[PDB]
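Trainee: Residue numbers (the entry's author numbering), protein chains in the order written: chain D, 2 to 263; chain R, 201 to 230; chain Y, 2 to 206; chain S, 2 to 152; chain W, 51 to 150.
From the three backbone atoms N, C-alpha and C, an ideal C-beta is built for every residue, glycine too.
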Amino acid sequence: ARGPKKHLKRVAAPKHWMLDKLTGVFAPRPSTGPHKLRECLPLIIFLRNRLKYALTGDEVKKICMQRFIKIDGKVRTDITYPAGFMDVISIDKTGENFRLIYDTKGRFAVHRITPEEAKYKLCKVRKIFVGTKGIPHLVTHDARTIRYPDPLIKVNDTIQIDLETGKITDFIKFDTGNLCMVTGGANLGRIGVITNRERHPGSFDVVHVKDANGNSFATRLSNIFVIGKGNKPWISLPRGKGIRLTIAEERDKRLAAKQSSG
Amino acid sequence: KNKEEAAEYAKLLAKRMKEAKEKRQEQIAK
Amino acid sequence: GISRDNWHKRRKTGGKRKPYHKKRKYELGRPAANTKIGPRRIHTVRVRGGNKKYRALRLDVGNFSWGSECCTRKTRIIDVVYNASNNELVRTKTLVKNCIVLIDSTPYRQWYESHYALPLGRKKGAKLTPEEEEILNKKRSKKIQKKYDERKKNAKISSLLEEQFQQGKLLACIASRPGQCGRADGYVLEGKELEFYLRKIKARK
Amino acid sequence: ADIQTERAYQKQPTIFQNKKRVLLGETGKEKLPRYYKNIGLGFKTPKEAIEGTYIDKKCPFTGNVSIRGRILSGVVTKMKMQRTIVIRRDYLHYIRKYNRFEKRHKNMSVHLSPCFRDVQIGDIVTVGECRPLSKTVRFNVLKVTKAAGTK
Amino acid sequence: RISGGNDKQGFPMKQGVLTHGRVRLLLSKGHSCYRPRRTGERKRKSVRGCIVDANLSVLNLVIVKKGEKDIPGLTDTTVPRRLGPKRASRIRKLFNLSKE
RNA sequence: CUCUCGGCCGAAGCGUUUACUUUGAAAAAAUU
RNA sequence: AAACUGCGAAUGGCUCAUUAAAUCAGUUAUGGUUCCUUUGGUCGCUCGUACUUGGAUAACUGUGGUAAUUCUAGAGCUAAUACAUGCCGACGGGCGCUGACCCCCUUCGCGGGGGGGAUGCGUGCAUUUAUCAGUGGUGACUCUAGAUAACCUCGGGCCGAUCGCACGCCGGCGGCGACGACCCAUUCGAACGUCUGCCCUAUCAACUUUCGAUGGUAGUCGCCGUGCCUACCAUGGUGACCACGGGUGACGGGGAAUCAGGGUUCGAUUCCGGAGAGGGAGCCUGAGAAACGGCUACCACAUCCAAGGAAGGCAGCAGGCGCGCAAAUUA
Numbered sequence: 002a003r004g005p006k007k008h009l010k011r012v013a014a015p016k017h018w019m020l021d022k023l024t025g026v027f028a029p030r031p032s033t034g035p036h037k038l039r040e041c042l043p044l045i046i047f048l049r050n051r052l053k054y055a056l057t058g059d060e061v062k063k064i065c066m067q068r069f070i071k072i073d074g075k076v077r078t079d080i081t082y083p084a085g086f087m088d089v090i091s092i093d094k095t096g097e098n099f100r101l102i103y104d105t106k107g108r109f110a111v112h113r114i115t116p117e118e119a120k121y122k123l124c125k126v127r128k129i130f131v132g133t134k135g136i137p138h139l140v141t142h143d144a145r146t147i148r149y150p151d152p153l154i155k156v157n158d159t160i161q162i163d164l165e166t167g168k169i170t171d172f173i174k175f176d177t178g179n180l181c182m183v184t185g186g187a188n189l190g191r192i193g194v195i196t197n198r199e200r201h202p203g204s205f206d207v208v209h210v211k212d213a214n215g216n217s218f219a220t221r222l223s224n225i226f227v228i229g230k231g232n233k234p235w236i237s238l239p240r241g242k243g244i245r246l247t248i249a250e251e252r253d254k255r256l257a258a259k260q261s262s263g
Numbered sequence: 201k202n203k204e205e206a207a208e209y210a211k212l213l214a215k216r217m218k219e220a221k222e223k224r225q226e227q228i229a230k
Numbered sequence: 002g003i004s005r006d007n008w009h010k011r012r013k014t015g016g017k018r019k020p021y022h023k024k025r026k027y028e029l030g031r032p033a034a035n036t037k038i039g040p041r042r043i044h045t046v047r048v049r050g051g052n053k054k055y056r057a058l059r060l061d062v063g064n065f066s067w068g069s070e071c072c073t074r075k076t077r078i079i080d081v082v083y084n085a086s087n088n089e090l091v092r093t094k095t096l097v098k099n100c101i102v103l104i105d106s107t108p109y110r111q112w113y114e115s116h117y118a119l120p121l122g123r124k125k126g127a128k129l130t131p132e133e134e135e136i137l138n139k140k141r142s143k144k145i146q147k148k149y150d151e152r153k154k155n156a157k158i159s160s161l162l163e164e165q166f167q168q169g170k171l172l173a174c175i176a177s178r179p180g181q182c183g184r185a186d187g188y189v190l191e192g193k194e195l196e197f198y199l200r201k202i203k204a205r206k
Numbered sequence: 002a003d004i005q006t007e008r009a010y011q012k013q014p015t016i017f018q019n020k021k022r023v024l025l026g027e028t029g030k031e032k033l034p035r036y037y038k039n040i041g042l043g044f045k046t047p048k049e050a051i052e053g054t055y056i057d058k059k060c061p062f063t064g065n066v067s068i069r070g071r072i073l074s075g076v077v078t079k080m081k082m083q084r085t086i087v088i089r090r091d092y093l094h095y096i097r098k099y100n101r102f103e104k105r106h107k108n109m110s111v112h113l114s115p116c117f118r119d120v121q122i123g124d125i126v127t128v129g130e131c132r133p134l135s136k137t138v139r140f141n142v143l144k145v146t147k148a149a150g151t152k
Numbered sequence: 051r052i053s054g055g056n057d058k059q060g061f062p063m064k065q066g067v068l069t070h071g072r073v074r075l076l077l078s079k080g081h082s083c084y085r086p087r088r089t090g091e092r093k094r095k096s097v098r099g100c101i102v103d104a105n106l107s108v109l110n111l112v113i114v115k116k117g118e119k120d121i122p123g124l125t126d127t128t129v130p131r132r133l134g135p136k137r138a139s140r141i142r143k144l145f146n147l148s149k150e
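This is the structure:
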């Protein structure tokens with residue numbers, strides 16, 4: 002290429018969007034924004050493919066341009082806007098509030114939230130830096146730079162912030178015995194307690210996470226998101242509690258539901 | 201906005217120096 | 002044009018590399034500004050990402066620092082005396098980074114007069130102006146004259162620097178790159194640097 | 002002594018060695034303070050880096066070079082060019098059809114700091130990846146362990 | 051005064067060129083006798099010189115000072131000026147009006 | 001396998017280094 | 001409508017000629033660089049006509065030239081978030097140097113110690129250099145932040161002379177939004193590196209270095225690291241574990257055919273990466289191209305000529321010729 006790419010093919014799109022193979026040649030290329038395009042839902046897929054509120058992309062444009070959709074309390078008219086993890090989407094016309102939270106199988110589950118939960122959000126802080134005449138700044142996972150934070154907040158901690166002010170309400174420290182969720186890799190979408198973190202200087206440090214049913218797994222620091230203090234989460238969880246079931250248990254639950262509901 | 205936020209963090213930093221002073225106190229004293 | 006690429010080079014093993022794509026825009030090189038000494042001429046060039054790079058073509062004045070007393074002044078550049086890269090570039094009298102250059106001594110000397118009240122570079126004839134006599138022999142109060150006495154306790158200058166002040170020119174080293182910053186700034190040479198460069202100049206002649 | 006061998010002046014850029022001083026200090030000792038760096042992966046800084054008088058900008062202890070990326074090892078084969086050496090890394094490459102291996106080698110030019118002196122041929126060296134330093138040199142000697150037979 | 055013209059093949063003449071015939075000039079934005087189709091393109095075009103020769107076709111020529119006999123097609127004809135001033139400063143200058 | 005710092009345990013060195021073997025996390029979708 | 005201004009036209013599409021550690025794949029680094037846009041931070045933090053600055057230029061009117069072009073010349077006007085120029089407030093001060101002097105303590109006293117201060121100089125963030133001490137962080141900074149002395153390019157750095165919608169309250173204040181903006185971070189990237197991996201050939205066994213080959217020192221250039229280039233030095237560097245040279249009816253992978261197991265062969269071809277627009281070469285604009293549905297040359301072709309000149313680039317979609325054993329509609 003001679004410059005940045007502007008298109009995206011459906012088969013080269015991320016698989017968690019669950020796009021078809023014969024609808025088109027092109028997938029929605031997400032605009033640049035607070036989330037990576039590999040790790041986001043564009044608003045067209047959420048409004049059209051998930052919620053079924055629109056049948057075509059023209060109807061998505063027609064809904065967004067009438068100023069009904071808010072992301073983190075801000076009206077967005079870009080239909081390919083990158084919406085990511087812990088993300089609050091408010092539709093005030095229908096009176097609906099959703100959070101984008103990862104599903105157990107690695108996809109973005111649409112999790113309807115009670116409206117007073119839609120006032121805050123959780124952010125994983127990416128870096129700390131002191132600049133411009135001794136003022137400290139946080140940078141979080143969704144690129145919200147917050148100046149003058151609490152001095153006890155370090156990197157890999159999480160913060161609960163109010164969406165109307167953008168200012169920190171209260172934070173969770175990254176430590177063992179805390180509740181977290183996986184945002185990347187093979188174990189994506191699983192919720193469990195941090196057992197220990199092993200250090201590998203000059204490389205990736207590995208975290209071990211134990212499930213509520215005694216299932217242990219591991220990831221990297223780049224794929225951990227602390228969501229609770231201790232065991233109680235600071236957010237509402239999806240219909241599955243983040244427990245990965247094997248295919249045998251999924252089959253057994255499916256046959257049980259078939260037997261119960263006929 | 202800068203004046204009030206800087207004054208609030210100035211209160212926070214004077215606080216953080218106060219508890220830093222006391223933590224230094226039981227660390228040195230013991 | 003001038004292409005500063007790697008693929009035109011021979012390999013480590015000594016085999017010729019067969020080229021596979023033509024010259025690219027990010028591989029370019031531009032002609033050197035042989036920055037001479039004269040009344041100031043600086044041209045700007047647009048560079049990668051839309052930024053500017055000051056291509057100073059001739060310079061006369063530079064901001065140099067005498068670091069033992071932590072003084073920094075503008076000084077007119079007199080003459081290049083030594084370069085470690087090539088001899089011939091002194092024939093063309095070009096300012097580059099890390100070249101040894103004679104500059105004037107007036108502002109550092111004037112600061113020395115105002116700060117310590119000791120003469121520098123005055124001959125045995127002791128020629129003086131009323132302004133210089135009013136600066137050197139300034140009327141003092143008690144606190145000021147005590148501060149000047151305590152300052153006079155520390156006033157020592159190396160003998161080679163004294164010879165430089167007597168000749169009126171201090172030799173220094175340019176620390177910036179005038180070709181792609183636009184300014185010729187540096188530091189006054191002292192100590193082992195100073196005698197090292199002096200014996201290099203004496204060894205050249 | 003025998004440091005100023007090039008046409009320019011050799012100097013550690015961080016250390017300000019031309020501080021003016023009292024004549025008693027001039028009479029006492031003309032000693033230059035030394036800049037050294039603690040390097041990351043548990044590598045100990047040798048005493049020759051901290052006490053020696055050599056100057057080079059490509060030393061991983063007293064220079065501008067920072068070590069990041071890969072850490073490998075090799076055997077010293079050639080020490081003939083100036084302040085860099087040629088080491089050899091040997092391995093077995095697997096061939097799947099015959100289910101066997103073949104012996105392969107690669108030579109690397111790696112920078113050797115003057116703090117590692119009396120290095121011989123055929124001893125093991127641990128090197129760490131850094132930025133390019135020349136046309137071929139990409140790694141830098143981190144530590145030297147002598148040969149199996151050499152005392 | 052001589053203000054321009056075209057030789058027998060129609061090419062205009064530019065102010066800088068001091069030859070007799072045609073020159074090939076690499077012209078860009080801001081130059082006369084050229085209008086660029088894209089931003090920042092140059093084109094090589096034929097340009098006639100300033101020296102008046104026997105090889106001209108039309109001489110564009112602008113009078114500065116009037117004579118006595120009025121020409122029946124140039125001066126006796128009267129034509130107004132359309133579209134007067136729009137900016138407020140131009141309003142004040144063109145009618146010599148005060149600030150108030 | 002252990003001497004020091006902190007709450008029976010966590011940090012620090014490991015242990016001559018490997019080859020081998022098992023496990024874990026990284027290995028785009030499409031195709032199989 | 002037109003035109004000026006801004007953006008995009010660097011994506012997509014086509015093809016597989018070149019290319020043999022090159023491309024590419026997996027793996028890592030940028031603590032060695034740039035980044036339009038989006039998203040968040042910042043924008044009275046500078047002590048030094050504004051209730052609004054200046055000259056034009058299109059479109060339009062009018063007069064023309066050439067055989068010919070998406071050719072343009074001249075003369076009348078007229079705008080700006082085009083092009084330039086340029087404040088006031090915040091603005092009252094504070095902080096360091098410099099200090100006319102003034103005060104206090106000690107001193108018999110000389111003399112010693114401690115305070116207040118008018119006049120002058122500099123002050124914010126970006127840039128360049130030098131020095132000093134060591135808020136937050138890294139596995140490791142010559143990191144970030146701080147303090148001091150200065151600098152700050154006329155081919156010049158930011159410090160809003162811009163538009164819209166509703167209008168409302170104590171002659172003056174104002175609520176949303178759009179275009180802006182130096183610098184941080186984010187997103188999309190890109191570009192240089194790390195380790196390992198490719199077909200045939202010895203009727204290719206030594207190659208590389210005068211013209212950079214391998215390394216050192218200082219510089220130049222570059223967005224940056226580096227023989228990337230220069231100067232001065234040293235004689236190094238690769239190789240039967242197959243260097244070097246030649247060939248390939250060779251773009252590389254994901255993959256495909258066949259197959260008990262092992263294997264053999266294919267992969268121009270819709271996904272990812274690279275390369276190139278007849279062949280080479282050099283540029284302008286721009287955040288991004290050495291761009292070809294951009295420009296300028298030469299080489300080879302080739303179009304219209306009134307013989308002076310002018311205009312080209314289907315390995316885009318259809319289509320045609322040619323080529324062939326071999327491949328579709330000017331919807």
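For Y/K94, go through chain S and note every residue whose CB falls closer than 9 Å to its CB, in chain order.
Mentor: Going along chain S, no residue has its Cβ under 9 Å from Y/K94, so there is no contact; the nearest lies around 19 Å.
Trainee: Go through the region 122-153 of chain Y residue by residue and report every complete run of the alpha helix (DSSP H) that reaches 4 residues or more, in order.
Mentor: Counting whole runs of 4 or more residues, the region 122-153 of chain Y contains the alpha helix (DSSP H) stretches 131-137.
Trainee: Suppose you measure from the CA of W/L147 to the CA of Y/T36; what does that come to, to the nearest Å?
Mentor: Cα to Cα, W/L147 sits roughly 55 Å from Y/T36.
Trainee: Using a Cβ cut-off of 9 Å (strictly closer), state whether D/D151 contacts chain R.
Mentor: Chain R, which has a Cβ nearer than 9 Å to the Cβ of D/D151, makes this yes.
Trainee: With a threshold of 9 Å between beta carbons, is Y/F65 in contact with chain S?
Mentor: So no, Y/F65 is outside the interface.
Trainee: Quick one: does S/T137 have its CB under 9 Å from some CB of chain Y?
Mentor: Yes - at least one Cβ of chain Y is within 9 Å of the one on S/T137.
Trainee: Less than 9 Å separating the beta-carbons of Y/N84 and Y/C100?
Mentor: A contact, by the Cβ cut-off of 9 Å.
Trainee: Answer yes or no: does any C-beta atom of chain D fall closer than 9 Å to that of S/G64?
Mentor: Output row for S/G64: interface = no.
Trainee: What did DSSP end up calling W/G54 once you bin it into helix, strand or coil?
Mentor: Correct three-state label for W/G54: strand.
Trainee: Using a Cβ-Cβ cut-off of 9 Å, state whether R/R216 counts as contacting chain D.
Mentor: Cβ-Cβ to chain D under 9 Å: yes for R/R216.
Trainee: Using the C-alpha atoms, what's the distance from S/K144 back to S/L73?
Mentor: Going from the Cα of S/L73 to the Cα of S/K144 covers about 11 Å.
Trainee: Closer than 6 Å by C-beta to S/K107: which residues in its own chain qualify, once you throw out the five before and the five after it? Chain order, please.
Mentor: Hits under 6 Å: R90.
Trainee: What residues of chain D sit near R/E222, judged by a beta carbon separation below 9 Å?
Mentor: Those do not exist, as R/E222 stays about 15 Å from chain D at its closest Cβ, beyond 9 Å.
Trainee: With 16 as the cutoff for other CB atoms within 10 Å, does Y/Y21 come out buried or exposed?
Mentor: That one is exposed.
Trainee: Residue range of the beta strand (DSSP E) that S/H106 falls in?
Mentor: Unbroken beta strand (DSSP E) run through S/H106: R101 to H112.
Trainee: Counting only Cβ-Cβ distances shorter than 8 Å, please list the residues of the region 231-248 of chain D near chain S, keeping chain order.
Mentor: Within the region 231-248 of chain D, no residue qualifies.
Trainee: Following the continuous beta strand (DSSP E) through S/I4, name the residue where it begins and the one where it ends.
Mentor: Note, S/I4: premise wrong, no beta strand (DSSP E); not H, not E.
Trainee: Compare the Cα-Cα distances from D/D93 to each of D/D73, D/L153 and D/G4 and report the closest residue.
Mentor: Measuring from the Cα of D/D93, the nearest candidate turns out to be D/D73.
Trainee: To the nearest angstrom, how far is the alpha carbon of Y/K143 from that of Y/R123?
Mentor: So the alpha carbons of these two residues sit roughly 28 Å apart.
Trainee: What residue from D/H142, D/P234, D/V194 and D/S261 has the CA that sits closest to D/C41's CA?
Mentor: Answer by Cα proximity: D/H142.
Trainee: Taking beta-carbon pairs under 7 Å, can you tell me which members of the region 40-55 of chain S lie near chain D?
Mentor: Listed by position along the chain: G41 and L42.
Trainee: With a cut-off of 8 Å, do at least 3 Cβ pairs link the region 180-195 of chain D to the region 209-228 of chain D?
Mentor: These segments touch.
Trainee: To which residues of the same chain is S/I122 closer than 6 Å at the C-beta, ignoring the five residues directly before and after it?
Mentor: Correct list, in chain order: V77.
Trainee: Decide if D/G25 is buried, meaning its Cβ has at least 16 other Cβ atoms within 10 Å, or exposed.
Mentor: When all chains shown are included, D/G25 counts as exposed.
Trainee: Just by C-beta distance, which residues in the region 183-208 of chain D are closer than 7 Å to chain S?
Mentor: Within the region 183-208 of chain D, the residues whose Cβ lies closer than 7 Å to some Cβ of chain S are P202 and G203, listed in chain order.
Trainee: For Y/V189, does the count of other Cβ atoms within 10 angstroms reach 16, so buried, or fall short, so exposed?
Mentor: Buried: at least 16 other Cβ atoms inside 10 Å.
Trainee: For chain R, check one thing: does any of its Cβ atoms lie closer than 9 Å to the Cβ of D/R145?
Mentor: Output row for D/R145: interface = no.
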